[PDB]
Amino acid sequence: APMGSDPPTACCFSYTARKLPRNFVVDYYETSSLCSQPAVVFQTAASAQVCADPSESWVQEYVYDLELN
Amino acid sequence: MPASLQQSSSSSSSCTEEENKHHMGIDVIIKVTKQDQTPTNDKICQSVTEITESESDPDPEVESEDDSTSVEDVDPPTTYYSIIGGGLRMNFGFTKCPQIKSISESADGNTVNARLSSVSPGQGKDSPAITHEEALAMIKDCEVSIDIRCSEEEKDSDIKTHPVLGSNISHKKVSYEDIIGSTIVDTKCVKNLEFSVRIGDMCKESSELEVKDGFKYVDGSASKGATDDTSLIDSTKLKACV
């Protein structure tokens, strides 16, 4: 299964200014590494995916919470 | 065309006369460039599905008949659209931003456009009016979301011979405000993707209530830069996808 040449990438370029309460956040996923400026991406209910700067503790706590339950 | 019974105060009829009031509207631009490898597909306006978390349409809001302490609500939920077309799917998701009743798309070469915005007074749809305080507040919280992917729906297009309703707002250069939130794109089906936004009175600019934002994605190259997005795309080739 020869790996692809140099697959583009899917890293965040901007973060949302509004923190969507847990109720509208059932899952999440992390960007990548091929970008020297990654971040955490959270899923919702009526949208899809939205980047989030991990610089905010609330984002770190939201991830930690999703890690348990 | 029949009938004629119709007032004139209705914001849908014409602009208001309340000095301290101006119908604020949103208008985003999207110039997507396909990669030189993605099959051909100019069947824009494939379809669109509006959704609103909790806001729905009546008045349930999840229907949480059990108080205790939680009060996260406060701010209104979010509204997103799944406008499929051009062999791609551009997912929206605005929050605390003027309602969007205008949706159109077009295909030219290996690129495809998409204009989402609100309607200007005297058009045929609503046009909620608000004060300067409520406006200045919105322009601050208003945050858009984007997440384009790669579609393959060869289904036909569903357009309407009805001209595209504009917000009467231009895309010139004005004050800068961070509106565009997250912007994830699977380059696997999009080489370059430009974005431009601008919220302001759709009746008569007011400078203060006028702002804008926009980036420039070109083969992985992203860069912020305010510029005259007045011609970013031919608004004359836009067709309503209804």
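Each reported figure results from applying straightforward, stated rules to the coordinates on display, with no laboratory input. For neighbour counting, all protein chains shown are included, and Cβ atoms are generated from backbone atoms with ideal geometry for every residue, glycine included.
In the stretch B:166-203, which residues are outside any strand (DSSP E or B), within 10 Å of chain A (Cβ to nearest Cβ) and over 17 Å from the mean Cα position of the chain (by Cα)?
B:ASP186, B:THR187, B:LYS188, B:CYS189, B:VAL190, B:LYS191
(1) surrounded by 23 or more Cβ atoms within 10 Å (Cβ to Cβ); (2) among the small types (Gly, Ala, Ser); (3) touching a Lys or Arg at 6+ places or on another chain (Cβ under 7 Å): which one isn't true of B:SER151, the others all being true?
Tallying (1) surrounded by 23 or more Cβ atoms within 10 Å (Cβ to Cβ); (2) among the small types (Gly, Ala, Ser); (3) touching a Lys or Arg at 6+ places or on another chain (Cβ under 7 Å), B:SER151 fails exactly one: (1).
Which of the following residues is under 21 Å from B:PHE94 (Cα atoms) and either more than 12 Å from chain B (Cβ to nearest Cβ) or among the polar types (S, T, N, Q) (or both): A:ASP65, A:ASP53, A:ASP27?
Answer to the check: A:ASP27.
One line per residue, one yes/no per condition, for (1) within 29 Å of B:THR79 (Cβ to Cβ); (2) of a type outside the set (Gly, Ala, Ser); (3) outside any strand (DSSP E or B); (4) out of contact with any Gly (no Cβ under 8 Å at 6 or more places or on another chain):
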position	(1), (2), (3), (4)
B:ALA3	no, no, yes, yes
B:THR16	yes, yes, yes, yes
B:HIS22	yes, yes, yes, yes
B:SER54	yes, no, yes, yes
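Has the stretch A:30-43 got at least one residue that is among the hydroxyl-bearing types (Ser, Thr, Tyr), more than 7 Å from chain B (Cβ to nearest Cβ), in contact with a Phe, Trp or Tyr (Cβ under 6 Å, 6 or more places away or on another chain) and under 27 Å from B:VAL190 (Cα atoms)?
No, because not a single residue in the stretch A:30-43 is among the hydroxyl-bearing types (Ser, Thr, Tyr), more than 7 Å from chain B (Cβ to nearest Cβ), in contact with a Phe, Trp or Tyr (Cβ under 6 Å, 6 or more places away or on another chain) and under 27 Å from B:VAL190 (Cα atoms).
Can you find a residue that is more than 26 Å from B:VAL62 (Cβ to Cβ) and part of a loop (DSSP other than H, G, I, E, B) anywhere in the stretch A:17-29?
no
Give B:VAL164, B:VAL197 a once-over and let me know the one that is touching a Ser or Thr at 6+ places or on another chain (Cβ under 6 Å) and closer than 19 Å to B:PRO98 by Cα.
Going through B:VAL164, B:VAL197 in turn, just one is touching a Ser or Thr at 6+ places or on another chain (Cβ under 6 Å) and closer than 19 Å to B:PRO98 by Cα: B:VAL164.
Which numbered condition trips up B:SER54, out of (1) over 14 Å from the mean Cα position of the chain (by Cα); (2) within 14 Å of another protein chain (Cβ to nearest Cβ); (3) closer than 19 Å to B:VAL32 by Cα?
(3)
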